[PDB]
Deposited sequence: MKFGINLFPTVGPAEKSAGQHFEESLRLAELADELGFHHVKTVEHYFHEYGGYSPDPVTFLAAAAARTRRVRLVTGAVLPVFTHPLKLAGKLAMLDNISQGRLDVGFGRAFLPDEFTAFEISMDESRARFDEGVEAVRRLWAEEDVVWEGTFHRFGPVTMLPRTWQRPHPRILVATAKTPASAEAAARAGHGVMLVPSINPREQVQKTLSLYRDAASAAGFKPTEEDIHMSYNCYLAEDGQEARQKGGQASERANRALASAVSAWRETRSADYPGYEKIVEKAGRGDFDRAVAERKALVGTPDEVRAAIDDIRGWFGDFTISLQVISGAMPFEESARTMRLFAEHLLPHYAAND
């Protein structure tokens, strides 16, 4: 197992200024570095309290990279549908070099209707836009004199600068909450995968992993634990009932932001290992269950939410580092 942190903002200006949010998030990235976490992840979203403080994850991750030395930086996930592959390839290549080779690039599908409407892009061909965006970026990184005759963009021969630091390029992961068939296509392409256990049933995530691992082997490709990412809301306290109360409020706040942006329950989610909330001992048992179902992979611990004090996010990370990180290292 690998464990990093995810910094998904679910907050609006009435709860926390963006100035405070970004100072706190960069300090949590520093704490991830100091405590020995694997990575720092953030997201791309527009307009709503659900994710909207992060319309450009690369901008945050370049700052996080500059504040850190060893933690990896991960997009979870850039949205190729809303950018141009020349720009996406270029800014990610800059970040790879700034971070001295610590970047992993997750690419995801958009789903918020207001994002599609505002950028005047149809959902109808978003799948083709996504696949062509990923491949065009990969080609801009891997090749020179690139002639891209795409459905949505046509350019070349061109060679994108800067060239990436990593060879052939940063790891590519494809996010799928949608369809196990997209996980098969990722393996066929040699890509990693990002799954969403917090919404999908356990047996569904397992069958997606089985299809992915099967397709990967058929393509002569052995996925490591760094090729499979999943994010979990995470809140730790020495008092597990305090963790339930404050972590449950956080998960509630994020759920509400989500419901607004798309246009008993918490305890069951915790019992089903859809969220990592409790004492270090509760979360240890939960992780061991997850590892038994899914095998070894990379978890991003989502540690911020709403007006949750920085000190509580930092406590979660410190407790995880002291009590859990050593046993999986």
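Asks: Write out the missing regions of the deposited sequence in sequence order, one range per stretch.
Replies: Unmodelled stretches: 264-285, 352-354.
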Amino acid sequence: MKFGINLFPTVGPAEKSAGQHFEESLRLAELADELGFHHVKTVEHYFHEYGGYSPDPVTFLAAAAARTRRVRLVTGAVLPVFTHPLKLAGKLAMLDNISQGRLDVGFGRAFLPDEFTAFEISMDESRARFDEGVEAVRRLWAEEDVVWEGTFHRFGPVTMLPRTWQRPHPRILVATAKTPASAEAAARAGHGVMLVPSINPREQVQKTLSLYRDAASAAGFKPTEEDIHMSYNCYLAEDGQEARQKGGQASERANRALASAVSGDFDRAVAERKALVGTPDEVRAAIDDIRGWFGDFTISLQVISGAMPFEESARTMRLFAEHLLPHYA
From here on, numbers count along this sequence of modelled residues.
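Asks: Tell me which stretch has the larger mean Cα B-factor in this entry, 291-299 or 49-57.
Replies: Stretch with the higher mean C-alpha B-factor: 291-299.
Asks: Look over 76-84 and 186-194 in the entry and identify the one with the greater average Cα temperature factor.
Replies: Mean C-alpha B-factor is greater for 186-194.
Asks: In this PDB entry, which of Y212, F107, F116, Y232 has the top CA B-factor?
Replies: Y212 has the highest C-alpha B-factor of those listed.
Asks: Kindly indicate the residue among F130, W165, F111, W141 with the greatest C-alpha B-factor in the PDB record.
Replies: The record points to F111.
Asks: Within this chain's modelled residues, let me know which third the CA B factor of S260 belongs to: lowest, middle or highest.
Replies: Highest third.
Asks: So where's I5 on the chain's Cα temperature factor ranking, which third?
Replies: Tercile = lowest for this residue's CA B-factor.
Asks: Split the chain's modelled residues into thirds by Cα B-factor; is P223 in the lowest, middle or highest one?
Replies: For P223, whose C-alpha B-factor we compare with every modelled residue in the chain, the answer is the highest third.
Asks: Quick one: classify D281 as lowest, middle or highest third of the chain based on its Cα B-factor.
Replies: Middle third by C-alpha B-factor.
Asks: Relative to the other modelled residues in the chain, which third contains the C-alpha temperature factor of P170: lowest, middle or highest?
Replies: Within its chain, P170 is a lowest-third residue by C-alpha B-factor, going by the deposited values.
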